[PDB]
$ cat input10.cif   # mmCIF, C-alpha atoms; chains and numbers go by the auth columns
data_data
loop_
_atom_site.group_PDB
_atom_site.id
_atom_site.type_symbol
_atom_site.label_atom_id
_atom_site.label_comp_id
_atom_site.label_asym_id
_atom_site.label_seq_id
_atom_site.Cartn_x
_atom_site.Cartn_y
_atom_site.Cartn_z
_atom_site.B_iso_or_equiv
_atom_site.auth_seq_id
_atom_site.auth_asym_id
ATOM 1 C CA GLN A 1 44.625 -40.939 -12.073 0.00 1 E
ATOM 2 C CA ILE A 2 48.441 -40.827 -13.044 0.00 2 E
ATOM 3 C CA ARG A 3 51.736 -42.003 -11.517 0.00 3 E
ATOM 4 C CA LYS A 4 55.021 -40.146 -11.133 0.00 4 E
ATOM 5 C CA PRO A 5 57.966 -41.625 -13.032 0.00 5 E
ATOM 6 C CA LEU A 6 60.239 -43.174 -10.493 0.00 6 E
ATOM 7 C CA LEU A 7 62.983 -41.156 -8.855 0.00 7 E
ATOM 8 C CA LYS A 8 66.516 -42.488 -9.091 0.00 8 E
ATOM 9 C CA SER A 9 66.916 -41.548 -5.437 0.00 9 E
ATOM 10 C CA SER A 10 64.172 -44.072 -4.566 0.00 10 E
ATOM 11 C CA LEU A 11 66.546 -46.911 -5.477 0.00 11 E
ATOM 12 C CA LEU A 12 69.458 -46.140 -3.166 0.00 12 E
ATOM 13 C CA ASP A 13 68.720 -48.290 -0.152 0.00 13 E
ATOM 14 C CA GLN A 14 68.431 -50.819 -2.721 0.00 14 E
ATOM 15 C CA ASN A 15 72.104 -51.486 -3.353 0.00 15 E
ATOM 16 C CA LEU A 16 72.964 -51.516 -7.008 0.00 16 E
ATOM 17 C CA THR A 17 75.576 -49.708 -9.070 0.00 17 E
ATOM 18 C CA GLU A 18 75.074 -46.290 -10.653 0.00 18 E
ATOM 19 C CA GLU A 19 74.606 -48.002 -14.045 0.00 19 E
ATOM 20 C CA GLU A 20 72.386 -50.693 -12.602 0.00 20 E
ATOM 21 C CA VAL A 21 69.960 -48.010 -11.353 0.00 21 E
ATOM 22 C CA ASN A 22 70.105 -46.236 -14.673 0.00 22 E
ATOM 23 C CA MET A 23 68.812 -49.421 -16.309 0.00 23 E
ATOM 24 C CA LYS A 24 65.765 -49.667 -13.984 0.00 24 E
ATOM 25 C CA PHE A 25 65.229 -45.985 -14.453 0.00 25 E
ATOM 26 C CA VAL A 26 65.130 -45.988 -18.187 0.00 26 E
ATOM 27 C CA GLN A 27 62.870 -49.036 -17.987 0.00 27 E
ATOM 28 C CA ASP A 28 60.392 -47.428 -15.601 0.00 28 E
ATOM 29 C CA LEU A 29 60.343 -44.491 -17.941 0.00 29 E
ATOM 30 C CA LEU A 30 59.607 -46.657 -20.949 0.00 30 E
ATOM 31 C CA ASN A 31 56.861 -48.316 -18.893 0.00 31 E
ATOM 32 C CA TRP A 32 55.445 -44.913 -17.922 0.00 32 E
ATOM 33 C CA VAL A 33 55.230 -43.840 -21.557 0.00 33 E
ATOM 34 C CA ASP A 34 53.490 -47.126 -22.506 0.00 34 E
ATOM 35 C CA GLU A 35 50.837 -46.977 -19.798 0.00 35 E
ATOM 36 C CA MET A 36 50.278 -43.300 -20.571 0.00 36 E
ATOM 37 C CA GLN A 37 49.727 -44.061 -24.231 0.00 37 E
ATOM 38 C CA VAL A 38 47.022 -46.638 -23.461 0.00 38 E
ATOM 39 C CA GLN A 39 45.009 -44.348 -21.187 0.00 39 E
ATOM 40 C CA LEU A 40 45.248 -41.898 -24.067 0.00 40 E
ATOM 41 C CA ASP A 41 44.185 -44.193 -26.886 0.00 41 E
ATOM 42 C CA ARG A 42 41.376 -44.971 -24.481 0.00 42 E
ATOM 43 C CA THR A 43 40.358 -41.202 -24.351 0.00 43 E
ATOM 44 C CA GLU A 44 36.709 -40.243 -24.601 0.00 44 E
ATOM 45 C CA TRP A 45 35.320 -36.909 -25.763 0.00 45 E
ATOM 46 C CA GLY A 46 31.911 -36.651 -24.132 0.00 46 E
ATOM 47 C CA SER A 47 28.523 -36.172 -25.632 0.00 47 E
ATOM 48 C CA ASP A 48 27.222 -33.187 -23.690 0.00 48 E
ATOM 49 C CA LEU A 49 28.650 -30.019 -22.146 0.00 49 E
ATOM 50 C CA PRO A 50 29.243 -31.342 -18.638 0.00 50 E
ATOM 51 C CA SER A 51 30.974 -34.493 -19.923 0.00 51 E
ATOM 52 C CA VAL A 52 33.031 -32.485 -22.366 0.00 52 E
ATOM 53 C CA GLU A 53 34.191 -30.170 -19.546 0.00 53 E
ATOM 54 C CA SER A 54 35.033 -33.277 -17.595 0.00 54 E
ATOM 55 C CA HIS A 55 37.116 -35.050 -20.226 0.00 55 E
ATOM 56 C CA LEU A 56 38.714 -31.694 -21.021 0.00 56 E
ATOM 57 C CA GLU A 57 39.731 -31.106 -17.420 0.00 57 E
ATOM 58 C CA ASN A 58 40.838 -34.720 -17.012 0.00 58 E
ATOM 59 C CA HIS A 59 42.939 -34.335 -20.063 0.00 59 E
ATOM 60 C CA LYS A 60 44.405 -31.081 -18.736 0.00 60 E
ATOM 61 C CA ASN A 61 46.075 -33.081 -15.954 0.00 61 E
ATOM 62 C CA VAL A 62 47.095 -35.857 -18.245 0.00 62 E
ATOM 63 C CA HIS A 63 48.758 -33.364 -20.607 0.00 63 E
ATOM 64 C CA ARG A 64 50.443 -31.497 -17.751 0.00 64 E
ATOM 65 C CA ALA A 65 51.955 -34.697 -16.435 0.00 65 E
ATOM 66 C CA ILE A 66 53.174 -35.620 -19.926 0.00 66 E
ATOM 67 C CA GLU A 67 54.922 -32.233 -20.122 0.00 67 E
ATOM 68 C CA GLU A 68 56.657 -32.385 -16.761 0.00 68 E
ATOM 69 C CA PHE A 69 57.747 -35.867 -17.754 0.00 69 E
ATOM 70 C CA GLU A 70 60.429 -34.130 -19.818 0.00 70 E
ATOM 71 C CA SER A 71 62.657 -33.577 -16.803 0.00 71 E
ATOM 72 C CA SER A 72 62.947 -37.297 -16.485 0.00 72 E
ATOM 73 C CA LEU A 73 63.541 -37.677 -20.210 0.00 73 E
ATOM 74 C CA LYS A 74 66.439 -35.235 -19.859 0.00 74 E
ATOM 75 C CA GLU A 75 67.851 -37.189 -16.937 0.00 75 E
ATOM 76 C CA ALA A 76 67.637 -40.310 -19.015 0.00 76 E
ATOM 77 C CA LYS A 77 69.389 -38.504 -21.894 0.00 77 E
ATOM 78 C CA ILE A 78 72.291 -37.261 -19.781 0.00 78 E
ATOM 79 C CA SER A 79 72.618 -40.640 -18.055 0.00 79 E
ATOM 80 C CA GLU A 80 73.975 -42.269 -21.185 0.00 80 E
ATOM 81 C CA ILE A 81 77.248 -40.533 -20.346 0.00 81 E
ATOM 82 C CA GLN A 82 77.403 -42.435 -17.052 0.00 82 E
ATOM 83 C CA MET A 83 76.998 -45.673 -19.007 0.00 83 E
ATOM 84 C CA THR A 84 79.702 -48.230 -19.733 0.00 84 E
ATOM 85 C CA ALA A 85 80.249 -51.610 -21.414 0.00 85 E
ATOM 86 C CA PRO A 86 78.545 -54.145 -21.033 0.00 86 E
ATOM 87 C CA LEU A 87 75.286 -52.368 -20.064 0.00 87 E
ATOM 88 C CA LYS A 88 75.697 -49.335 -22.346 0.00 88 E
ATOM 89 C CA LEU A 89 74.536 -50.866 -25.593 0.00 89 E
ATOM 90 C CA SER A 90 71.361 -52.012 -23.947 0.00 90 E
ATOM 91 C CA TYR A 91 70.848 -48.623 -22.359 0.00 91 E
ATOM 92 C CA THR A 92 71.274 -46.549 -25.545 0.00 92 E
ATOM 93 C CA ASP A 93 68.710 -48.752 -27.169 0.00 93 E
ATOM 94 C CA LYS A 94 66.127 -48.171 -24.493 0.00 94 E
ATOM 95 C CA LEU A 95 66.895 -44.456 -24.378 0.00 95 E
ATOM 96 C CA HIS A 96 66.393 -44.156 -28.105 0.00 96 E
ATOM 97 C CA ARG A 97 63.175 -46.097 -27.992 0.00 97 E
ATOM 98 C CA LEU A 98 62.028 -43.860 -25.124 0.00 98 E
ATOM 99 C CA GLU A 99 62.937 -40.681 -27.022 0.00 99 E
ATOM 100 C CA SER A 100 60.835 -41.852 -29.896 0.00 100 E
ATOM 101 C CA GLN A 101 57.881 -43.256 -27.941 0.00 101 E
ATOM 102 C CA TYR A 102 57.722 -40.098 -25.863 0.00 102 E
ATOM 103 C CA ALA A 103 57.583 -37.916 -28.919 0.00 103 E
ATOM 104 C CA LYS A 104 54.511 -39.874 -30.085 0.00 104 E
ATOM 105 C CA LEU A 105 52.431 -39.149 -27.044 0.00 105 E
ATOM 106 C CA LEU A 106 52.821 -35.468 -26.512 0.00 106 E
ATOM 107 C CA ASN A 107 52.290 -35.228 -30.118 0.00 107 E
ATOM 108 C CA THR A 108 49.109 -37.302 -29.417 0.00 108 E
ATOM 109 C CA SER A 109 48.490 -35.460 -26.165 0.00 109 E
ATOM 110 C CA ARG A 110 48.607 -32.164 -28.078 0.00 110 E
ATOM 111 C CA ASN A 111 46.132 -33.168 -30.746 0.00 111 E
ATOM 112 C CA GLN A 112 43.812 -34.447 -28.134 0.00 112 E
ATOM 113 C CA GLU A 113 44.195 -31.235 -26.245 0.00 113 E
ATOM 114 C CA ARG A 114 43.334 -29.106 -29.276 0.00 114 E
ATOM 115 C CA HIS A 115 40.442 -31.431 -30.198 0.00 115 E
ATOM 116 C CA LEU A 116 38.939 -31.267 -26.759 0.00 116 E
ATOM 117 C CA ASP A 117 39.290 -27.560 -27.044 0.00 117 E
ATOM 118 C CA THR A 118 37.415 -27.072 -30.329 0.00 118 E
ATOM 119 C CA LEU A 119 34.836 -29.554 -29.113 0.00 119 E
ATOM 120 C CA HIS A 120 34.273 -27.575 -25.967 0.00 120 E
ATOM 121 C CA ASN A 121 33.891 -24.315 -27.769 0.00 121 E
ATOM 122 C CA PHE A 122 31.464 -25.798 -30.266 0.00 122 E
ATOM 123 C CA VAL A 123 29.309 -27.585 -27.697 0.00 123 E
ATOM 124 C CA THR A 124 29.166 -24.482 -25.526 0.00 124 E
ATOM 125 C CA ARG A 125 27.940 -22.535 -28.518 0.00 125 E
ATOM 126 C CA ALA A 126 25.353 -24.928 -29.774 0.00 126 E
ATOM 127 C CA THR A 127 24.119 -25.369 -26.209 0.00 127 E
ATOM 128 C CA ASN A 128 23.530 -21.689 -25.742 0.00 128 E
ATOM 129 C CA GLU A 129 21.745 -21.353 -29.043 0.00 129 E
ATOM 130 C CA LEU A 130 19.583 -24.330 -28.175 0.00 130 E
ATOM 131 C CA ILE A 131 18.753 -22.689 -24.851 0.00 131 E
ATOM 132 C CA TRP A 132 17.749 -19.480 -26.579 0.00 132 E
ATOM 133 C CA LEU A 133 15.687 -21.370 -29.114 0.00 133 E
ATOM 134 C CA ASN A 134 13.955 -23.462 -26.474 0.00 134 E
ATOM 135 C CA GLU A 135 12.974 -20.498 -24.324 0.00 135 E
ATOM 136 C CA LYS A 136 11.767 -18.631 -27.468 0.00 136 E
ATOM 137 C CA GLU A 137 9.153 -21.364 -27.539 0.00 137 E
ATOM 138 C CA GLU A 138 7.843 -19.477 -24.507 0.00 138 E
ATOM 139 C CA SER A 139 7.704 -16.275 -25.869 0.00 139 E
ATOM 140 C CA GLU A 140 6.565 -16.140 -29.264 0.00 140 E
ATOM 141 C CA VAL A 141 4.357 -18.832 -27.793 0.00 141 E
ATOM 142 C CA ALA A 142 2.245 -17.446 -24.959 0.00 142 E
ATOM 143 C CA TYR A 143 5.413 -7.173 -31.357 0.00 143 E
ATOM 144 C CA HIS A 144 5.775 -7.576 -34.112 0.00 144 E
ATOM 145 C CA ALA A 145 7.761 -6.582 -35.933 0.00 145 E
ATOM 146 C CA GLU A 146 10.637 -6.217 -33.454 0.00 146 E
ATOM 147 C CA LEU A 147 10.302 -10.024 -33.028 0.00 147 E
ATOM 148 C CA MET A 148 10.900 -10.891 -36.716 0.00 148 E
ATOM 149 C CA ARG A 149 13.716 -8.324 -36.449 0.00 149 E
ATOM 150 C CA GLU A 150 15.207 -10.275 -33.472 0.00 150 E
ATOM 151 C CA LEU A 151 14.968 -13.532 -35.433 0.00 151 E
ATOM 152 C CA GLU A 152 16.941 -11.919 -38.310 0.00 152 E
ATOM 153 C CA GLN A 153 19.798 -11.174 -35.905 0.00 153 E
ATOM 154 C CA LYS A 154 19.829 -14.682 -34.370 0.00 154 E
ATOM 155 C CA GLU A 155 20.143 -16.201 -37.871 0.00 155 E
ATOM 156 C CA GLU A 156 23.521 -14.456 -38.386 0.00 156 E
ATOM 157 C CA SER A 157 24.669 -15.911 -35.082 0.00 157 E
ATOM 158 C CA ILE A 158 23.118 -19.338 -35.604 0.00 158 E
ATOM 159 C CA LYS A 159 24.312 -19.297 -39.141 0.00 159 E
ATOM 160 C CA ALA A 160 27.621 -19.400 -37.584 0.00 160 E
ATOM 161 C CA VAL A 161 27.659 -22.212 -35.174 0.00 161 E
ATOM 162 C CA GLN A 162 26.613 -24.028 -38.333 0.00 162 E
ATOM 163 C CA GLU A 163 29.812 -22.947 -40.189 0.00 163 E
ATOM 164 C CA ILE A 164 31.911 -24.107 -37.247 0.00 164 E
ATOM 165 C CA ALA A 165 30.421 -27.609 -37.266 0.00 165 E
ATOM 166 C CA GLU A 166 30.780 -27.813 -41.000 0.00 166 E
ATOM 167 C CA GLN A 167 34.429 -26.916 -40.598 0.00 167 E
ATOM 168 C CA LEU A 168 35.242 -29.266 -37.726 0.00 168 E
ATOM 169 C CA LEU A 169 33.515 -32.077 -39.589 0.00 169 E
ATOM 170 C CA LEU A 170 35.378 -31.356 -42.835 0.00 170 E
ATOM 171 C CA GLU A 171 38.539 -31.572 -40.704 0.00 171 E
ATOM 172 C CA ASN A 172 37.342 -34.974 -39.423 0.00 172 E
ATOM 173 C CA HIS A 173 37.158 -34.242 -35.731 0.00 173 E
ATOM 174 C CA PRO A 174 37.373 -37.367 -33.623 0.00 174 E
ATOM 175 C CA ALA A 175 34.186 -36.262 -31.862 0.00 175 E
ATOM 176 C CA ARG A 176 32.445 -36.024 -35.272 0.00 176 E
ATOM 177 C CA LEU A 177 29.382 -37.862 -33.896 0.00 177 E
ATOM 178 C CA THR A 178 28.555 -35.567 -31.041 0.00 178 E
ATOM 179 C CA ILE A 179 29.266 -32.467 -33.178 0.00 179 E
ATOM 180 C CA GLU A 180 26.871 -33.476 -35.909 0.00 180 E
ATOM 181 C CA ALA A 181 24.392 -34.222 -33.115 0.00 181 E
ATOM 182 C CA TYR A 182 24.420 -30.659 -31.780 0.00 182 E
ATOM 183 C CA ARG A 183 24.530 -29.204 -35.285 0.00 183 E
ATOM 184 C CA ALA A 184 21.390 -31.013 -36.420 0.00 184 E
ATOM 185 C CA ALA A 185 19.560 -30.424 -33.121 0.00 185 E
ATOM 186 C CA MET A 186 20.189 -26.707 -33.451 0.00 186 E
ATOM 187 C CA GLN A 187 19.157 -26.520 -37.085 0.00 187 E
ATOM 188 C CA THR A 188 16.034 -28.516 -36.268 0.00 188 E
ATOM 189 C CA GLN A 189 14.897 -26.215 -33.495 0.00 189 E
ATOM 190 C CA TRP A 190 15.705 -23.068 -35.463 0.00 190 E
ATOM 191 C CA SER A 191 13.760 -24.390 -38.390 0.00 191 E
ATOM 192 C CA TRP A 192 10.757 -24.925 -36.105 0.00 192 E
ATOM 193 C CA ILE A 193 10.969 -21.642 -34.278 0.00 193 E
ATOM 194 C CA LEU A 194 10.900 -19.886 -37.663 0.00 194 E
ATOM 195 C CA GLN A 195 7.927 -21.917 -38.632 0.00 195 E
ATOM 196 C CA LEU A 196 6.008 -20.691 -35.625 0.00 196 E
ATOM 197 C CA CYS A 197 6.135 -17.017 -36.683 0.00 197 E
ATOM 198 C CA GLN A 198 6.122 -18.254 -40.317 0.00 198 E
#
$ encode --input "input10.cif" --output "structure tokens"
Amino acid sequence: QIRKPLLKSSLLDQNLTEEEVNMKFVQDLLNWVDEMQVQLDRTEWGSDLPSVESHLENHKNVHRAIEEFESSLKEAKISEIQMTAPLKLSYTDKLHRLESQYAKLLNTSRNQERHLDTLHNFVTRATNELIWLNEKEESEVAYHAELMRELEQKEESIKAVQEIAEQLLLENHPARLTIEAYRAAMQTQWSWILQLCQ
């Protein structure tokens, strides 16, 4: 799902001058950063646990690639020294644009990484609660006493997932939709389970 930035070496048996390759190089790098920013803008969060895992993992690899991309940024940086008039002015320009563009993703990649993270935690947690709740349908429904005691404990722990969602929403999580979805589903089922025992 992602390409390696091109290796200077790959341009040898092409004949052009040291500087001439530097120019292609910095350009391919610029291109890399562009196409990586689109993919990223395009990013999806997922609306259930499996899909969240999936986007999360997918994004692991995207982020990793963005981080290793630094070696090539450094090569571009140090290449300016090899540059000369006439091509130098053009090169510095591209390098500086690259430096800046690259900073933007990788600042974007990081946010997206932390967002996927919090999302994954939250969805795990609401899922598990919802599982508990759903199988308590059984169970209750099919003591006394120790039951209404159990419910009192789950509240603390439910009451808690709720405070997470509240928080993540207040923070305006990009996956605000799916978070609210889990939050309300959980609170709905809880509310009903309670209403069974009364």
$ resolve_selection --input "input10.cif" --expression "the PyMOL selection byres ((chain E and resi 131-148) around 9)" --output "ChimeraX atom specification"
/E:126-130,149-153,186,189-190,193,196-197
$ residues_around --input "input10.cif" --residues "segment 32-38 of chain E" --least-positions-apart "6" --cutoff "10 Å" --atoms "all atoms listed in the file" --output "PDB file with C-alpha atoms, in the coordinates of the input"
ATOM      1  CA  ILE E   2      48.441 -40.827 -13.044  1.00  0.00           C
ATOM      2  CA  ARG E   3      51.736 -42.003 -11.517  1.00  0.00           C
ATOM      3  CA  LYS E   4      55.021 -40.146 -11.133  1.00  0.00           C
ATOM      4  CA  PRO E   5      57.966 -41.625 -13.032  1.00  0.00           C
ATOM      5  CA  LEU E   6      60.239 -43.174 -10.493  1.00  0.00           C
ATOM      6  CA  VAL E  26      65.130 -45.988 -18.187  1.00  0.00           C
ATOM      7  CA  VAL E  62      47.095 -35.857 -18.245  1.00  0.00           C
ATOM      8  CA  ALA E  65      51.955 -34.697 -16.435  1.00  0.00           C
ATOM      9  CA  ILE E  66      53.174 -35.620 -19.926  1.00  0.00           C
ATOM     10  CA  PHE E  69      57.747 -35.867 -17.754  1.00  0.00           C
ATOM     11  CA  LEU E  98      62.028 -43.860 -25.124  1.00  0.00           C
ATOM     12  CA  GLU E  99      62.937 -40.681 -27.022  1.00  0.00           C
ATOM     13  CA  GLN E 101      57.881 -43.256 -27.941  1.00  0.00           C
ATOM     14  CA  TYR E 102      57.722 -40.098 -25.863  1.00  0.00           C
ATOM     15  CA  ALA E 103      57.583 -37.916 -28.919  1.00  0.00           C
ATOM     16  CA  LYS E 104      54.511 -39.874 -30.085  1.00  0.00           C
ATOM     17  CA  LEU E 105      52.431 -39.149 -27.044  1.00  0.00           C
ATOM     18  CA  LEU E 106      52.821 -35.468 -26.512  1.00  0.00           C
ATOM     19  CA  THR E 108      49.109 -37.302 -29.417  1.00  0.00           C
ATOM     20  CA  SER E 109      48.490 -35.460 -26.165  1.00  0.00           C
TER      21      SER E 109
END
$ residues_around --input "input10.cif" --residues "residue 19 of chain E" --least-positions-apart "2" --cutoff "7 Å" --atoms "all atoms listed in the file" --output "PDB file with C-alpha atoms, in the coordinates of the input"
ATOM      1  CA  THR E  17      75.576 -49.708  -9.070  1.00  0.00           C
ATOM      2  CA  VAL E  21      69.960 -48.010 -11.353  1.00  0.00           C
ATOM      3  CA  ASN E  22      70.105 -46.236 -14.673  1.00  0.00           C
ATOM      4  CA  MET E  23      68.812 -49.421 -16.309  1.00  0.00           C
ATOM      5  CA  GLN E  82      77.403 -42.435 -17.052  1.00  0.00           C
ATOM      6  CA  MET E  83      76.998 -45.673 -19.007  1.00  0.00           C
TER       7      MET E  83
END
$ closest_residue --input "input10.cif" --among "E:56, E:40, E:194, E:170" --to "residue 113 of chain E" --atoms "all atoms listed in the file"
E:56
$ atom_distance --input "input10.cif" --atom1 "atom CA of residue 54 of chain E" --atom2 "atom CA of residue 71 of chain E"
27.6 Å
$ atom_distance --input "input10.cif" --atom1 "atom CA of residue 94 of chain E" --atom2 "atom CA of residue 30 of chain E"
7.6 Å
$ residues_around --input "input10.cif" --residues "residue 18 of chain E" --least-positions-apart "4" --cutoff "12 Å" --atoms "only C-alpha atoms" --output "ChimeraX atom specification"
/E:8-9,11-12,14,22-25,79-84,87
$ write_last_selection --input "input10.cif" --atoms "C-alpha atoms" --output "PDB file, in the coordinates of the input"
ATOM      1  CA  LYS E   8      66.516 -42.488  -9.091  1.00  0.00           C
ATOM      2  CA  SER E   9      66.916 -41.548  -5.437  1.00  0.00           C
ATOM      3  CA  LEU E  11      66.546 -46.911  -5.477  1.00  0.00           C
ATOM      4  CA  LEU E  12      69.458 -46.140  -3.166  1.00  0.00           C
ATOM      5  CA  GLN E  14      68.431 -50.819  -2.721  1.00  0.00           C
ATOM      6  CA  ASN E  22      70.105 -46.236 -14.673  1.00  0.00           C
ATOM      7  CA  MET E  23      68.812 -49.421 -16.309  1.00  0.00           C
ATOM      8  CA  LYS E  24      65.765 -49.667 -13.984  1.00  0.00           C
ATOM      9  CA  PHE E  25      65.229 -45.985 -14.453  1.00  0.00           C
ATOM     10  CA  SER E  79      72.618 -40.640 -18.055  1.00  0.00           C
ATOM     11  CA  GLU E  80      73.975 -42.269 -21.185  1.00  0.00           C
ATOM     12  CA  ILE E  81      77.248 -40.533 -20.346  1.00  0.00           C
ATOM     13  CA  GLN E  82      77.403 -42.435 -17.052  1.00  0.00           C
ATOM     14  CA  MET E  83      76.998 -45.673 -19.007  1.00  0.00           C
ATOM     15  CA  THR E  84      79.702 -48.230 -19.733  1.00  0.00           C
ATOM     16  CA  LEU E  87      75.286 -52.368 -20.064  1.00  0.00           C
TER      17      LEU E  87
END
$ axis_aligned_box --input "input10.cif" --around "segment 171-183 of chain E" --padding-each-side "8 Å" --output "AutoDock Vina command-line options"
--center_x 31.5 --center_y -33.5 --center_z -35.9 --size_x 30.1 --size_y 24.7 --size_z 25.7
$ residues_around --input "input10.cif" --residues "residue 179 of chain E" --least-positions-apart "5" --cutoff "12 Å" --atoms "only C-alpha atoms" --output "VMD selection string"
chain E and resid 45 to 49 52 115 to 116 118 to 127 161 to 174 184 to 186
$ atom_distance --input "input10.cif" --atom1 "atom CA of residue 181 of chain E" --atom2 "atom CA of residue 155 of chain E"
19.1 Å
$ closest_residue --input "input10.cif" --among "E:1, E:43, E:15, E:195" --to "residue 111 of chain E" --atoms "all atoms listed in the file"
E:43
$ closest_residue --input "input10.cif" --among "E:27, E:110, E:182, E:42" --to "residue 63 of chain E" --atoms "only C-alpha atoms"
E:110
$ closest_residue --input "input10.cif" --among "E:91, E:10, E:112, E:156" --to "residue 58 of chain E" --atoms "only C-alpha atoms"
E:112
$ closest_residue --input "input10.cif" --among "E:76, E:175, E:100, E:158" --to "residue 187 of chain E" --atoms "all atoms listed in the file"
E:158
$ build_atoms --input "input10.cif" --residues "segment 104-124 of chain E" --atoms "N, CA and C atoms" --output "PDB file, keeping the file's coordinate frame"
ATOM      1  N   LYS E 104      55.805 -39.496 -29.487  1.00  0.00           N
ATOM      2  CA  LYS E 104      54.511 -39.874 -30.085  1.00  0.00           C
ATOM      3  C   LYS E 104      53.384 -39.431 -29.200  1.00  0.00           C
ATOM      4  N   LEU E 105      53.366 -39.846 -27.927  1.00  0.00           N
ATOM      5  CA  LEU E 105      52.431 -39.149 -27.044  1.00  0.00           C
ATOM      6  C   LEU E 105      53.069 -37.818 -26.856  1.00  0.00           C
ATOM      7  N   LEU E 106      52.295 -36.825 -26.528  1.00  0.00           N
ATOM      8  CA  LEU E 106      52.821 -35.468 -26.512  1.00  0.00           C
ATOM      9  C   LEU E 106      52.803 -34.936 -27.871  1.00  0.00           C
ATOM     10  N   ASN E 107      52.565 -35.803 -28.835  1.00  0.00           N
ATOM     11  CA  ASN E 107      52.290 -35.228 -30.118  1.00  0.00           C
ATOM     12  C   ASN E 107      50.802 -35.653 -30.077  1.00  0.00           C
ATOM     13  N   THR E 108      50.502 -36.858 -29.582  1.00  0.00           N
ATOM     14  CA  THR E 108      49.109 -37.302 -29.417  1.00  0.00           C
ATOM     15  C   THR E 108      48.391 -36.469 -28.367  1.00  0.00           C
ATOM     16  N   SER E 109      49.062 -36.258 -27.242  1.00  0.00           N
ATOM     17  CA  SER E 109      48.490 -35.460 -26.165  1.00  0.00           C
ATOM     18  C   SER E 109      48.081 -34.093 -26.677  1.00  0.00           C
ATOM     19  N   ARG E 110      48.884 -33.505 -27.569  1.00  0.00           N
ATOM     20  CA  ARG E 110      48.607 -32.164 -28.078  1.00  0.00           C
ATOM     21  C   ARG E 110      47.389 -32.132 -28.960  1.00  0.00           C
ATOM     22  N   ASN E 111      47.268 -33.103 -29.851  1.00  0.00           N
ATOM     23  CA  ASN E 111      46.132 -33.168 -30.746  1.00  0.00           C
ATOM     24  C   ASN E 111      44.896 -33.288 -29.931  1.00  0.00           C
ATOM     25  N   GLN E 112      44.969 -34.157 -28.933  1.00  0.00           N
ATOM     26  CA  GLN E 112      43.812 -34.447 -28.134  1.00  0.00           C
ATOM     27  C   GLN E 112      43.438 -33.222 -27.369  1.00  0.00           C
ATOM     28  N   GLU E 113      44.441 -32.491 -26.908  1.00  0.00           N
ATOM     29  CA  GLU E 113      44.195 -31.235 -26.245  1.00  0.00           C
ATOM     30  C   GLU E 113      43.490 -30.249 -27.178  1.00  0.00           C
ATOM     31  N   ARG E 114      44.008 -30.049 -28.387  1.00  0.00           N
ATOM     32  CA  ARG E 114      43.334 -29.106 -29.276  1.00  0.00           C
ATOM     33  C   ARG E 114      41.939 -29.601 -29.680  1.00  0.00           C
ATOM     34  N   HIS E 115      41.766 -30.911 -29.841  1.00  0.00           N
ATOM     35  CA  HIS E 115      40.442 -31.431 -30.198  1.00  0.00           C
ATOM     36  C   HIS E 115      39.435 -31.220 -29.115  1.00  0.00           C
ATOM     37  N   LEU E 116      39.843 -31.459 -27.872  1.00  0.00           N
ATOM     38  CA  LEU E 116      38.939 -31.267 -26.759  1.00  0.00           C
ATOM     39  C   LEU E 116      38.539 -29.816 -26.741  1.00  0.00           C
ATOM     40  N   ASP E 117      39.515 -28.972 -27.001  1.00  0.00           N
ATOM     41  CA  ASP E 117      39.290 -27.560 -27.044  1.00  0.00           C
ATOM     42  C   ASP E 117      38.191 -27.146 -28.011  1.00  0.00           C
ATOM     43  N   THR E 118      38.390 -27.426 -29.298  1.00  0.00           N
ATOM     44  CA  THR E 118      37.415 -27.072 -30.329  1.00  0.00           C
ATOM     45  C   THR E 118      36.068 -27.677 -30.009  1.00  0.00           C
ATOM     46  N   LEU E 119      36.070 -28.913 -29.525  1.00  0.00           N
ATOM     47  CA  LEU E 119      34.836 -29.554 -29.113  1.00  0.00           C
ATOM     48  C   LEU E 119      34.125 -28.720 -28.064  1.00  0.00           C
ATOM     49  N   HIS E 120      34.891 -28.212 -27.106  1.00  0.00           N
ATOM     50  CA  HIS E 120      34.273 -27.575 -25.967  1.00  0.00           C
ATOM     51  C   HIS E 120      33.684 -26.261 -26.392  1.00  0.00           C
ATOM     52  N   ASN E 121      34.458 -25.480 -27.126  1.00  0.00           N
ATOM     53  CA  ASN E 121      33.891 -24.315 -27.769  1.00  0.00           C
ATOM     54  C   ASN E 121      32.586 -24.637 -28.515  1.00  0.00           C
ATOM     55  N   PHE E 122      32.649 -25.535 -29.487  1.00  0.00           N
ATOM     56  CA  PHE E 122      31.464 -25.798 -30.266  1.00  0.00           C
ATOM     57  C   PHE E 122      30.245 -26.201 -29.452  1.00  0.00           C
ATOM     58  N   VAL E 123      30.426 -27.130 -28.522  1.00  0.00           N
ATOM     59  CA  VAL E 123      29.309 -27.585 -27.697  1.00  0.00           C
ATOM     60  C   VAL E 123      28.770 -26.485 -26.791  1.00  0.00           C
ATOM     61  N   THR E 124      29.646 -25.684 -26.210  1.00  0.00           N
ATOM     62  CA  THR E 124      29.166 -24.482 -25.526  1.00  0.00           C
ATOM     63  C   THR E 124      28.189 -23.706 -26.416  1.00  0.00           C
TER      64      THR E 124
END
